[PDB]
Structures are given as C-alpha cells and as structure tokens.
>>> print(open('my_file-v9.tsv').read())   # TSV, N, CA and C atoms
chain	number	residue	atom	x	y	z
Y	13	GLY	N	-6.94	25.32	-2.12
Y	13	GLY	CA	-6.83	25.27	-0.66
Y	13	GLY	C	-8.00	24.47	-0.11
Y	14	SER	N	-7.87	23.14	-0.12
Y	14	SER	CA	-9.01	22.26	0.07
Y	14	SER	C	-8.94	21.51	1.39
Y	15	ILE	N	-10.12	21.30	1.97
Y	15	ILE	CA	-10.30	20.53	3.20
Y	15	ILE	C	-10.76	19.13	2.81
Y	16	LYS	N	-10.01	18.13	3.25
Y	16	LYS	CA	-10.25	16.75	2.88
Y	16	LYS	C	-10.48	15.95	4.16
Y	17	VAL	N	-11.29	14.90	4.04
Y	17	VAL	CA	-11.56	13.99	5.15
Y	17	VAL	C	-10.86	12.67	4.87
Y	18	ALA	N	-10.02	12.24	5.80
Y	18	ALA	CA	-9.41	10.92	5.78
Y	18	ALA	C	-9.99	10.10	6.92
Y	19	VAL	N	-10.09	8.79	6.70
Y	19	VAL	CA	-10.39	7.83	7.76
Y	19	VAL	C	-9.12	7.04	8.02
Y	20	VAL	N	-8.71	6.99	9.28
Y	20	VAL	CA	-7.50	6.33	9.75
Y	20	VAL	C	-7.91	5.19	10.65
Y	21	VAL	N	-7.33	4.01	10.48
Y	21	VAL	CA	-7.81	2.82	11.16
Y	21	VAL	C	-6.75	2.26	12.09
Y	22	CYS	N	-7.13	2.09	13.35
Y	22	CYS	CA	-6.34	1.37	14.35
Y	22	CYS	C	-6.87	-0.06	14.35
Y	23	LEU	N	-6.30	-0.88	13.48
Y	23	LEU	CA	-6.65	-2.29	13.43
Y	23	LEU	C	-5.90	-3.01	14.55
Y	24	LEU	N	-6.66	-3.53	15.50
Y	24	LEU	CA	-6.10	-4.11	16.71
Y	24	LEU	C	-6.24	-5.63	16.69
Y	25	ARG	N	-5.21	-6.32	17.15
Y	25	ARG	CA	-5.30	-7.75	17.41
Y	25	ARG	C	-4.51	-8.02	18.68
Y	26	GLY	N	-5.20	-8.44	19.73
Y	26	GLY	CA	-4.52	-8.57	21.00
Y	26	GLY	C	-3.96	-7.23	21.43
Y	27	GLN	N	-2.66	-7.20	21.71
Y	27	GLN	CA	-1.98	-6.00	22.18
Y	27	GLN	C	-1.28	-5.24	21.07
Y	28	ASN	N	-1.51	-5.61	19.81
Y	28	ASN	CA	-0.80	-5.04	18.67
Y	28	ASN	C	-1.74	-4.24	17.79
Y	29	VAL	N	-1.17	-3.25	17.10
Y	29	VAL	CA	-1.87	-2.48	16.09
Y	29	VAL	C	-1.12	-2.64	14.78
Y	30	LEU	N	-1.87	-2.61	13.68
Y	30	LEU	CA	-1.26	-2.73	12.36
Y	30	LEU	C	-0.71	-1.38	11.92
Y	31	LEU	N	0.56	-1.36	11.52
Y	31	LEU	CA	1.15	-0.19	10.90
Y	31	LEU	C	1.87	-0.59	9.63
Y	32	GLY	N	1.91	0.33	8.67
Y	32	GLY	CA	2.65	0.12	7.45
Y	32	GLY	C	3.65	1.23	7.21
Y	33	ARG	N	4.64	0.99	6.35
Y	33	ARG	CA	5.63	2.01	6.00
Y	33	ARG	C	5.20	2.68	4.70
Y	34	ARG	N	5.00	3.99	4.76
Y	34	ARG	CA	4.39	4.73	3.67
Y	34	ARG	C	5.33	4.93	2.49
Y	35	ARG	N	4.73	5.10	1.31
Y	35	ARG	CA	5.47	5.47	0.10
Y	35	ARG	C	4.70	6.53	-0.68
Y	38	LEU	N	2.66	12.28	0.66
Y	38	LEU	CA	2.89	12.86	1.97
Y	38	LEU	C	3.41	11.82	2.96
Y	39	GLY	N	4.53	12.12	3.61
Y	39	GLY	CA	5.04	11.25	4.66
Y	39	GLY	C	5.86	10.07	4.21
Y	40	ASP	N	6.58	10.21	3.11
Y	40	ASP	CA	7.33	9.09	2.55
Y	40	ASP	C	8.21	8.43	3.60
Y	41	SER	N	8.13	7.11	3.67
Y	41	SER	CA	8.95	6.21	4.47
Y	41	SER	C	8.73	6.35	5.97
Y	42	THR	N	7.65	7.00	6.40
Y	42	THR	CA	7.29	6.96	7.80
Y	42	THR	C	6.27	5.86	8.04
Y	43	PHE	N	6.18	5.41	9.28
Y	43	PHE	CA	5.18	4.42	9.63
Y	43	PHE	C	3.84	5.09	9.88
Y	44	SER	N	2.78	4.47	9.37
Y	44	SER	CA	1.47	5.08	9.52
Y	44	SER	C	0.41	4.00	9.64
Y	45	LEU	N	-0.73	4.42	10.18
Y	45	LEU	CA	-1.90	3.59	10.18
Y	45	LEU	C	-2.48	3.51	8.77
Y	46	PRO	N	-3.20	2.44	8.46
Y	46	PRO	CA	-4.03	2.44	7.26
Y	46	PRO	C	-4.88	3.71	7.26
Y	47	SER	N	-4.89	4.40	6.13
Y	47	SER	CA	-5.64	5.63	6.00
Y	47	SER	C	-6.05	5.77	4.54
Y	48	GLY	N	-7.04	6.60	4.31
Y	48	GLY	CA	-7.44	6.90	2.95
Y	48	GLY	C	-8.51	7.95	2.99
Y	49	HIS	N	-8.87	8.43	1.81
Y	49	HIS	CA	-9.86	9.48	1.69
Y	49	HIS	C	-11.25	8.90	1.87
Y	50	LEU	N	-12.06	9.54	2.70
Y	50	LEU	CA	-13.48	9.25	2.71
Y	50	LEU	C	-14.04	9.49	1.31
Y	51	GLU	N	-14.77	8.52	0.79
Y	51	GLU	CA	-15.39	8.65	-0.51
Y	51	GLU	C	-16.86	9.03	-0.33
Y	52	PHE	N	-17.36	9.83	-1.25
Y	52	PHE	CA	-18.72	10.33	-1.11
Y	52	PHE	C	-19.70	9.17	-1.00
Y	53	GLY	N	-20.63	9.29	-0.05
Y	53	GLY	CA	-21.60	8.26	0.22
Y	53	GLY	C	-21.19	7.27	1.29
Y	54	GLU	N	-19.91	7.22	1.63
Y	54	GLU	CA	-19.41	6.22	2.56
Y	54	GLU	C	-19.67	6.61	4.00
Y	55	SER	N	-20.02	5.63	4.82
Y	55	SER	CA	-19.90	5.78	6.26
Y	55	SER	C	-18.42	5.70	6.64
Y	56	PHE	N	-18.09	6.24	7.82
Y	56	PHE	CA	-16.72	6.08	8.31
Y	56	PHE	C	-16.31	4.62	8.31
Y	57	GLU	N	-17.22	3.75	8.76
Y	57	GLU	CA	-16.94	2.33	8.87
Y	57	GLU	C	-16.70	1.71	7.51
Y	58	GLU	N	-17.54	2.04	6.53
Y	58	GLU	CA	-17.32	1.54	5.18
Y	58	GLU	C	-15.96	1.98	4.65
Y	59	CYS	N	-15.61	3.25	4.86
Y	59	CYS	CA	-14.31	3.75	4.44
Y	59	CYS	C	-13.19	2.98	5.11
Y	60	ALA	N	-13.28	2.80	6.43
Y	60	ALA	CA	-12.26	2.05	7.15
Y	60	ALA	C	-12.11	0.65	6.56
Y	61	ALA	N	-13.24	-0.05	6.36
Y	61	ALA	CA	-13.20	-1.40	5.82
Y	61	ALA	C	-12.61	-1.42	4.41
Y	62	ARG	N	-13.04	-0.48	3.57
Y	62	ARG	CA	-12.51	-0.43	2.20
Y	62	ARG	C	-11.01	-0.19	2.21
Y	63	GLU	N	-10.56	0.78	3.01
Y	63	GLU	CA	-9.14	1.09	3.07
Y	63	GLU	C	-8.33	-0.14	3.45
Y	64	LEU	N	-8.75	-0.85	4.50
Y	64	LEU	CA	-8.03	-2.04	4.90
Y	64	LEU	C	-8.05	-3.10	3.81
Y	65	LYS	N	-9.21	-3.31	3.17
Y	65	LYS	CA	-9.26	-4.30	2.11
Y	65	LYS	C	-8.35	-3.91	0.95
Y	66	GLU	N	-8.37	-2.64	0.55
Y	66	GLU	CA	-7.57	-2.20	-0.59
Y	66	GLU	C	-6.08	-2.28	-0.29
Y	67	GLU	N	-5.68	-1.99	0.95
Y	67	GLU	CA	-4.26	-1.89	1.27
Y	67	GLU	C	-3.66	-3.21	1.73
Y	68	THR	N	-4.45	-4.07	2.37
Y	68	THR	CA	-3.93	-5.25	3.02
Y	68	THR	C	-4.72	-6.51	2.70
Y	69	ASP	N	-5.84	-6.40	2.00
Y	69	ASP	CA	-6.80	-7.48	1.77
Y	69	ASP	C	-7.42	-8.00	3.05
Y	70	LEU	N	-7.27	-7.30	4.16
Y	70	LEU	CA	-7.84	-7.74	5.42
Y	70	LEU	C	-9.29	-7.30	5.55
Y	71	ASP	N	-10.12	-8.20	6.07
Y	71	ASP	CA	-11.51	-7.90	6.35
Y	71	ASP	C	-11.62	-7.59	7.84
Y	72	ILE	N	-12.13	-6.41	8.15
Y	72	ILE	CA	-12.17	-5.92	9.52
Y	72	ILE	C	-13.62	-5.82	9.96
Y	73	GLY	N	-13.80	-5.74	11.27
Y	73	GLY	CA	-15.11	-5.57	11.85
Y	73	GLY	C	-15.06	-4.87	13.19
Y	74	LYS	N	-16.22	-4.72	13.83
Y	74	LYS	CA	-16.33	-4.00	15.09
Y	74	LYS	C	-15.61	-2.66	14.98
Y	75	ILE	N	-15.94	-1.94	13.91
Y	75	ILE	CA	-15.31	-0.65	13.62
Y	75	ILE	C	-15.96	0.42	14.49
Y	76	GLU	N	-15.14	1.12	15.26
Y	76	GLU	CA	-15.65	2.07	16.24
Y	76	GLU	C	-14.90	3.39	16.15
Y	77	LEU	N	-15.65	4.48	16.28
Y	77	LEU	CA	-15.05	5.80	16.26
Y	77	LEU	C	-14.23	6.04	17.52
Y	78	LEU	N	-13.05	6.61	17.34
Y	78	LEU	CA	-12.18	6.97	18.44
Y	78	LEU	C	-12.07	8.48	18.61
Y	79	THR	N	-11.60	9.18	17.59
Y	79	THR	CA	-11.42	10.62	17.69
Y	79	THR	C	-11.32	11.20	16.29
Y	80	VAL	N	-11.06	12.49	16.23
Y	80	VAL	CA	-10.87	13.20	14.97
Y	80	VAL	C	-9.81	14.27	15.22
Y	81	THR	N	-8.95	14.48	14.22
Y	81	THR	CA	-7.93	15.50	14.33
Y	81	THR	C	-7.91	16.37	13.09
Y	82	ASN	N	-7.30	17.54	13.27
Y	82	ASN	CA	-7.18	18.55	12.24
Y	82	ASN	C	-5.72	18.63	11.81
Y	83	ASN	N	-5.48	18.49	10.50
Y	83	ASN	CA	-4.11	18.37	10.00
Y	83	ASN	C	-3.92	19.24	8.77
Y	84	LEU	N	-3.12	20.29	8.92
Y	84	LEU	CA	-2.91	21.29	7.88
Y	84	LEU	C	-1.65	20.97	7.09
Y	85	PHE	N	-1.76	21.04	5.77
Y	85	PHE	CA	-0.61	20.84	4.90
Y	85	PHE	C	-0.35	22.09	4.06
Y	91	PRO	N	-1.39	23.42	0.70
Y	91	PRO	CA	-2.66	23.60	0.00
Y	91	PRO	C	-3.79	22.69	0.46
Y	92	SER	N	-3.57	21.87	1.48
Y	92	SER	CA	-4.63	20.97	1.91
Y	92	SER	C	-4.66	20.85	3.42
Y	93	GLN	N	-5.85	20.53	3.92
Y	93	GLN	CA	-6.13	20.33	5.33
Y	93	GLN	C	-6.93	19.05	5.45
Y	94	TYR	N	-6.45	18.13	6.27
Y	94	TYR	CA	-7.09	16.84	6.43
Y	94	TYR	C	-7.72	16.77	7.81
Y	95	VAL	N	-9.03	16.55	7.84
Y	95	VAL	CA	-9.73	16.13	9.04
Y	95	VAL	C	-9.65	14.61	9.07
Y	96	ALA	N	-8.89	14.07	10.02
Y	96	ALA	CA	-8.62	12.64	10.10
Y	96	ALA	C	-9.52	12.03	11.16
Y	97	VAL	N	-10.42	11.14	10.73
Y	97	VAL	CA	-11.32	10.44	11.63
Y	97	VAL	C	-10.68	9.11	11.99
Y	98	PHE	N	-10.37	8.92	13.27
Y	98	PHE	CA	-9.70	7.72	13.74
Y	98	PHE	C	-10.74	6.68	14.16
Y	99	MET	N	-10.64	5.50	13.57
Y	99	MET	CA	-11.47	4.36	13.94
Y	99	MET	C	-10.58	3.26	14.49
Y	100	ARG	N	-11.12	2.46	15.39
Y	100	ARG	CA	-10.46	1.22	15.72
Y	100	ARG	C	-11.31	0.09	15.14
Y	101	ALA	N	-10.66	-1.04	14.91
Y	101	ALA	CA	-11.35	-2.20	14.38
Y	101	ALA	C	-10.58	-3.43	14.84
Y	102	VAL	N	-11.19	-4.59	14.62
Y	102	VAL	CA	-10.52	-5.86	14.80
Y	102	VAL	C	-10.68	-6.63	13.49
Y	103	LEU	N	-9.90	-7.69	13.36
Y	103	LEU	CA	-10.04	-8.56	12.21
Y	103	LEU	C	-11.32	-9.38	12.32
Y	104	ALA	N	-12.07	-9.44	11.22
Y	104	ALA	CA	-13.21	-10.35	11.17
Y	104	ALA	C	-12.76	-11.78	11.44
Y	105	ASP	N	-11.58	-12.15	10.95
Y	105	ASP	CA	-10.96	-13.45	11.19
Y	105	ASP	C	-9.54	-13.17	11.67
Y	106	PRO	N	-9.28	-13.20	12.98
Y	106	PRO	CA	-7.95	-12.82	13.48
Y	106	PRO	C	-6.82	-13.73	12.99
Y	107	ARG	N	-7.14	-14.86	12.37
Y	107	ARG	CA	-6.09	-15.72	11.82
Y	107	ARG	C	-5.46	-15.12	10.58
Y	108	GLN	N	-6.11	-14.15	9.96
Y	108	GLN	CA	-5.62	-13.59	8.71
Y	108	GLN	C	-4.46	-12.64	8.96
Y	109	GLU	N	-3.61	-12.50	7.96
Y	109	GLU	CA	-2.46	-11.61	8.04
Y	109	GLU	C	-2.50	-10.62	6.88
Y	110	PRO	N	-1.99	-9.41	7.08
Y	110	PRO	CA	-1.96	-8.44	5.99
Y	110	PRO	C	-1.10	-8.93	4.84
Y	111	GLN	N	-1.54	-8.60	3.63
Y	111	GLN	CA	-0.75	-8.77	2.42
Y	111	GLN	C	-0.51	-7.40	1.82
Y	112	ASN	N	0.73	-7.14	1.41
Y	112	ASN	CA	1.08	-5.85	0.84
Y	112	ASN	C	0.51	-5.78	-0.58
Y	113	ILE	N	-0.73	-5.30	-0.67
Y	113	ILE	CA	-1.46	-5.27	-1.93
Y	113	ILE	C	-1.11	-4.06	-2.78
Y	114	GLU	N	-0.62	-2.98	-2.18
Y	114	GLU	CA	-0.37	-1.72	-2.87
Y	114	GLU	C	1.07	-1.30	-2.60
Y	115	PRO	N	2.04	-2.03	-3.17
Y	115	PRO	CA	3.45	-1.66	-2.95
Y	115	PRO	C	3.79	-0.27	-3.46
Y	116	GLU	N	3.00	0.29	-4.37
Y	116	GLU	CA	3.26	1.65	-4.84
Y	116	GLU	C	3.09	2.66	-3.71
Y	117	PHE	N	2.33	2.32	-2.67
Y	117	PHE	CA	2.06	3.22	-1.56
Y	117	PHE	C	2.59	2.72	-0.23
Y	118	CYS	N	3.06	1.48	-0.15
Y	118	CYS	CA	3.43	0.91	1.14
Y	118	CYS	C	4.52	-0.13	0.93
Y	119	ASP	N	5.53	-0.10	1.79
Y	119	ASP	CA	6.61	-1.06	1.71
Y	119	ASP	C	6.35	-2.31	2.52
Y	120	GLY	N	5.38	-2.30	3.41
Y	120	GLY	CA	5.05	-3.49	4.15
Y	120	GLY	C	4.27	-3.18	5.41
Y	121	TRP	N	3.68	-4.23	5.96
Y	121	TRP	CA	2.81	-4.12	7.11
Y	121	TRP	C	3.38	-4.93	8.27
Y	122	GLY	N	3.04	-4.49	9.47
Y	122	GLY	CA	3.51	-5.16	10.66
Y	122	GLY	C	2.59	-4.90	11.83
Y	123	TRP	N	2.67	-5.80	12.80
Y	123	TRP	CA	1.95	-5.66	14.05
Y	123	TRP	C	2.90	-5.12	15.10
Y	124	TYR	N	2.52	-4.01	15.72
Y	124	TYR	CA	3.34	-3.32	16.70
Y	124	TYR	C	2.55	-3.16	17.99
Y	125	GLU	N	3.23	-3.30	19.12
Y	125	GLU	CA	2.62	-2.99	20.40
Y	125	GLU	C	2.54	-1.48	20.57
Y	126	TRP	N	1.41	-1.00	21.09
Y	126	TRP	CA	1.23	0.44	21.25
Y	126	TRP	C	2.38	1.04	22.06
Y	127	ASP	N	2.87	0.30	23.05
Y	127	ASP	CA	3.92	0.78	23.93
Y	127	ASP	C	5.26	0.95	23.23
Y	128	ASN	N	5.40	0.48	21.99
Y	128	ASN	CA	6.68	0.39	21.32
Y	128	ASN	C	6.46	0.59	19.82
Y	129	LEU	N	5.93	1.76	19.47
Y	129	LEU	CA	5.64	2.05	18.08
Y	129	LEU	C	6.92	2.29	17.28
Y	130	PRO	N	6.90	2.03	15.98
Y	130	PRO	CA	8.08	2.27	15.15
Y	130	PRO	C	8.24	3.75	14.85
Y	131	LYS	N	9.46	4.12	14.46
Y	131	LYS	CA	9.76	5.50	14.10
Y	131	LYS	C	10.55	5.54	12.80
Y	132	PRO	N	10.41	6.64	12.03
Y	132	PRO	CA	9.57	7.80	12.33
Y	132	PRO	C	8.09	7.51	12.05
Y	133	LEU	N	7.19	8.02	12.87
Y	133	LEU	CA	5.78	7.98	12.55
Y	133	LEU	C	5.43	9.14	11.62
Y	134	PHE	N	4.56	8.88	10.65
Y	134	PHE	CA	3.92	9.93	9.87
Y	134	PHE	C	3.42	11.03	10.81
Y	135	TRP	N	3.82	12.28	10.53
Y	135	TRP	CA	3.68	13.31	11.55
Y	135	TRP	C	2.24	13.48	12.04
Y	136	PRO	N	1.20	13.35	11.22
Y	136	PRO	CA	-0.16	13.43	11.78
Y	136	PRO	C	-0.45	12.33	12.80
Y	137	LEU	N	0.23	11.19	12.67
Y	137	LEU	CA	0.09	10.13	13.66
Y	137	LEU	C	0.91	10.42	14.91
Y	138	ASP	N	2.16	10.87	14.75
Y	138	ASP	CA	2.93	11.27	15.92
Y	138	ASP	C	2.17	12.32	16.72
Y	139	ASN	N	1.47	13.22	16.03
Y	139	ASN	CA	0.77	14.30	16.71
Y	139	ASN	C	-0.23	13.76	17.71
Y	140	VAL	N	-1.04	12.78	17.30
Y	140	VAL	CA	-2.04	12.25	18.21
Y	140	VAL	C	-1.41	11.34	19.25
Y	141	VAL	N	-0.36	10.60	18.90
Y	141	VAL	CA	0.36	9.82	19.90
Y	141	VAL	C	0.90	10.75	20.98
Y	142	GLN	N	1.44	11.91	20.57
Y	142	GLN	CA	1.94	12.88	21.54
Y	142	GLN	C	0.85	13.33	22.50
Y	143	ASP	N	-0.40	13.30	22.06
Y	143	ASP	CA	-1.53	13.77	22.85
Y	143	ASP	C	-2.16	12.68	23.69
Y	144	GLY	N	-1.51	11.52	23.78
Y	144	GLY	CA	-2.01	10.43	24.59
Y	144	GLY	C	-2.99	9.51	23.89
Y	145	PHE	N	-3.13	9.63	22.57
Y	145	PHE	CA	-4.04	8.78	21.83
Y	145	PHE	C	-3.73	7.30	22.08
Y	146	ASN	N	-4.76	6.56	22.48
Y	146	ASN	CA	-4.69	5.13	22.76
Y	146	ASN	C	-5.93	4.45	22.17
Y	147	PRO	N	-5.79	3.64	21.12
Y	147	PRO	CA	-6.97	3.01	20.52
Y	147	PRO	C	-7.50	1.80	21.28
Y	148	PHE	N	-6.74	1.24	22.20
Y	148	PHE	CA	-7.19	0.01	22.85
Y	148	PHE	C	-8.22	0.34	23.93
Y	149	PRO	N	-9.28	-0.48	24.05
Y	149	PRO	CA	-10.34	-0.16	25.03
Y	149	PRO	C	-9.87	-0.30	26.47
>>> encode(input="my_file-v9.tsv", output="structure tokens")
Amino acid sequence: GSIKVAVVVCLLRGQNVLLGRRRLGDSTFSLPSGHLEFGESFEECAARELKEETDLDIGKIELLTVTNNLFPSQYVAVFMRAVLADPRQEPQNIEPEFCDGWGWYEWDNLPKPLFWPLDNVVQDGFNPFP
C-alpha cells in the first residue's frame, strides 16, 4: 500500500498542450507523466519524462499544482507547465510500448477519454496557461 510521487507536465506551445494516448489508464489521453526519481527536482523529472517519452527538450518549467490520486497505490501528482526549448521541434513517439502517439490540443477542446486523474483536475478548473 504505497504512496508514489508522479510529475505531470503541461507542455505548452501557443494555445496548445501536448497530450498522448496511454498504453493504469489504457487508451486514455494523458499528459506526459512519470515517477519522480530519487534525487530529482520536479523540473528535472519533468524534463526527463518529456525527453524519454517524446525526445522533446523543455524549459521554463514551473509548478502549477499537486493532486492526490488513490488507486494498492496512491499517487501525489505534481503538475508542472513547461514550454519547448526550441518550439520548432515536434514530439516523436519514442516509447510506443506506453504511448500510441502525441498531439497538440487546445485546452478548450481536450480529447476524450482523459486518464481519470487528469479529468479530475480538469473538472476542478485546472488551467496550465498563464
């Protein structure tokens, strides 16, 4: 019965956020997320997750919020927003075992179904854009 910390990233470019289709939460749309690794800052975790999942290099990583998500496991999800270090770059599906693909979505028109921990914060008015 373990408590785990995930870092979830709202990678923003213009009016769009990056979402991928997951392969917990199979085939729902979700933000880049992953487990905080010991020694990591939230920002380092966010950057590593994006690099590992999409090969994207992100920057201006900023804390947004944190949520509590119960499953034998409980995830404290730390939400960060970021931008691309080079906005000309596009995500590459580097981990097809965990993701079917990446896309840019407008916050006003998110895809469905969202991974339920993400729907939960969207339901609460979560908005990563400044």
>>> atom_distance(input="my_file-v9.tsv", atom1="atom C of residue 110 of chain Y", atom2="atom C of residue 74 of chain Y")
18.8 Å
>>> select_by_dssp(input="my_file-v9.tsv", residues="segment 20-138 of chain Y", states="helix (DSSP H, G or I)", output="list in words")
residues 56, 57, 58, 59, 60, 61, 62, 63, 64, 65, 66, 67, 68, 126, 127, 128, 135, 136, 137 and 138 of chain Y
>>> closest_atom_pairs(input="my_file-v9.tsv", of="segment 38-76 of chain Y", to="segment 117-130 of chain Y", cutoff="12 Å", atoms="only C-alpha atoms", output="tab-separated table")
residue	atom	partner	partner_atom	distance
Y:38	CA	Y:117	CA	10.3
Y:39	CA	Y:117	CA	10.6
Y:40	CA	Y:117	CA	8.9
Y:41	CA	Y:119	CA	8.1
Y:42	CA	Y:130	CA	8.8
Y:43	CA	Y:130	CA	6.6
Y:44	CA	Y:130	CA	9.1
Y:45	CA	Y:121	CA	9.5
Y:46	CA	Y:121	CA	9.5
Y:47	CA	Y:117	CA	11.1
Y:48	CA	Y:117	CA	11.1
Y:64	CA	Y:121	CA	11.3
Y:66	CA	Y:117	CA	11.1
Y:67	CA	Y:118	CA	8.2
Y:68	CA	Y:121	CA	8.0
Y:69	CA	Y:121	CA	11.5
Y:70	CA	Y:121	CA	11.4
>>> atom_distance(input="my_file-v9.tsv", atom1="atom C of residue 63 of chain Y", atom2="atom C of residue 80 of chain Y")
18.7 Å
>>> closest_residue(input="my_file-v9.tsv", among="Y:16, Y:35, Y:49, Y:25", to="residue 107 of chain Y", atoms="only C-alpha atoms")
Y:25
>>> residues_around(input="my_file-v9.tsv", residues="residue 18 of chain Y", least_positions_apart="4", cutoff="6 Å", atoms="all atoms listed in the file", output="MDAnalysis selection string")
chainID Y and resid 48:50 94:97
>>> atom_distance(input="my_file-v9.tsv", atom1="atom N of residue 26 of chain Y", atom2="atom CA of residue 145 of chain Y")
17.4 Å
